[PDB]
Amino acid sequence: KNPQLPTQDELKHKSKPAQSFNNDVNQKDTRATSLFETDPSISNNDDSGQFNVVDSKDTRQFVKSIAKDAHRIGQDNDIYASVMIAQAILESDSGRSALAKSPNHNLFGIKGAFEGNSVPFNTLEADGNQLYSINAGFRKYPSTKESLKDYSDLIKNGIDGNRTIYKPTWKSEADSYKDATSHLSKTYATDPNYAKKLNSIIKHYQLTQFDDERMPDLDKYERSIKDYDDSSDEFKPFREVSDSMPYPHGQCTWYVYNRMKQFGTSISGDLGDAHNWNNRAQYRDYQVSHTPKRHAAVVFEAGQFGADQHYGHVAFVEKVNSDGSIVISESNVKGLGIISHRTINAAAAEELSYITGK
C-alpha cells in the first residue's frame, strides 16, 4: 500500500492527461516536472541509451537555492545529496511547478499531508508507454525548509508495512548514486525511465560535488557544468522560453507553443485540445492549410493515423523534405516527459493541417 504510488481509489477515477485548461482543470492543480530528450549519441547497445536534460538557467539557480541544505542533510542523515537534488529538480521542474512554489512548497512531489495540511493536484503516471493522470493529495508545507526535512524523513523512516522501503538508497547501502537511483525506479514513481532521468540530471548538473564532506564554493558551480555537443545536430536545441503557461506543462500542446516561440512566432492559448487547433486557428485569423510548411504547428485530427482517438495530436514541423515528407518534434508520445521526433511520409503529410504562427 505504498502511498507514493497510485492507490486503488485513485486508479478507478484515472483520466487521460489533459492537453488544455478549462474551468475545471487549471494551473493551480496541474504539476510541472522536468522534460527530457533522447541523447543523440549512438549508444553501445539497444539498452544503454541515455536521456538529456533540457538545459536551463532556472535549474542552475534552483540548484543554488538548495545545494547548501541538501549537502548538510546528506552528511547528517546518510543520504546522497546528488540524488536528493536531482529528485527536487525532476519532481518540481527546477522549482517552477505550482506544487513547488508558494503556498505549497512541496519540492519532491511527496503525496499525503504534512501537519494536517494538504493540496490536491493532477499528477502524471505511466504504465510503460500508456500515460494517465490521477488526482491526489500532496503535502503542503509552510516553506521549503520543511519539504527538504520531510524528504529526508521519508527516506530514513520509510512507510507502514515497509520501514526500509528506501533503505537501499542510503549511502551506506548503495556503493554509488546509480545504485540508489535504480531503487527509486519502482518505489517512488511509476515513470519507467525514472532512474535514467535522475542519472541524467546528476551527471549534467555535476551534483556529486555536493556528496562529499566539504561543500564547494557555489560561486564556481556554473563553471563546472559542461555543455552537451550540439554542433552536429540538424536543428536548434529545445529550451523553455516563456514564463506563462497557456497549456498544461509538457503536453503536446504546450510543447508546440514553446517550440514555436524559440523561432519568434506565437500561437494563442485558447486553441484547446490538439485536434481543435486547426479549426480554431483558422477562425482566429491564422494561415492554415494542407501544404506542409517549415516551423508550422502540424495538426492530427482525433483518431487520425494513430493519433489519440479523442484529442488528436499536435507537433512542430522541424523540416519539410524535398520528397514532400516532414520531420516533426513532439512531446509525450514516446514516453512520460519525453520530447521525441519522427518523419511522416509524403502521402500522410499532405493530409494534415499546418498552422503558421503570428
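Residue numbers run from 1 along the displayed sequence.
**Student:** Going by the average Cα B-factor in the PDB entry, point out whether 35-43 or 321-329 comes out higher.
**Tutor:** Looking at the recorded C-alpha B-factors, 35-43 comes out higher on average.
**Student:** So, looking at the entry's B-factor column for Cα atoms, which has the higher mean, 164-172 or 87-95?
**Tutor:** Comparing 164-172 with 87-95, the higher average CA B-factor belongs to 164-172.
**Student:** Quick one: which of 249, 145, 261, 275 shows the highest Cα temperature factor in the PDB entry?
**Tutor:** Out of 249, 145, 261, 275, the record gives the largest C-alpha B-factor to 145.
**Student:** Would you mind checking which of 100, 195, 201, 159 has the top Cα temperature factor in the PDB entry?
**Tutor:** Of the candidates given, the C-alpha B-factor peaks at 159.
**Student:** Compare the C-alpha B factor of residue 57 with those of the other modelled residues in its chain, then answer lowest, middle or highest third.
**Tutor:** Highest third - that is where residue 57 ends up once the chain's C-alpha B-factors are sorted.
**Student:** Using only modelled residues of the chain, where does the Cα B factor of residue 30 rank: lowest third, middle third or highest third?
**Tutor:** It belongs to the middle third of the chain when residues are ordered by C-alpha B-factor.
**Student:** Looking at the entry's B-factor column for C-alpha atoms only, identify whether residue 348 ranks in the lowest, middle or highest third of its chain.
**Tutor:** Its C-alpha B-factor belongs to the lowest third of this chain's values.
**Student:** Would you mind checking where the Cα B-factor of residue 310 ranks among the modelled residues of its chain, as the lowest, middle or highest third?
**Tutor:** Middle third, going by the recorded CA B-factors of the chain.
**Student:** Can you tell me which third, lowest, middle or highest, the CA B-factor of residue 128 falls into for its chain?
**Tutor:** As the PDB entry reports it, the C-alpha B-factor of residue 128 lands in the highest third of its chain.
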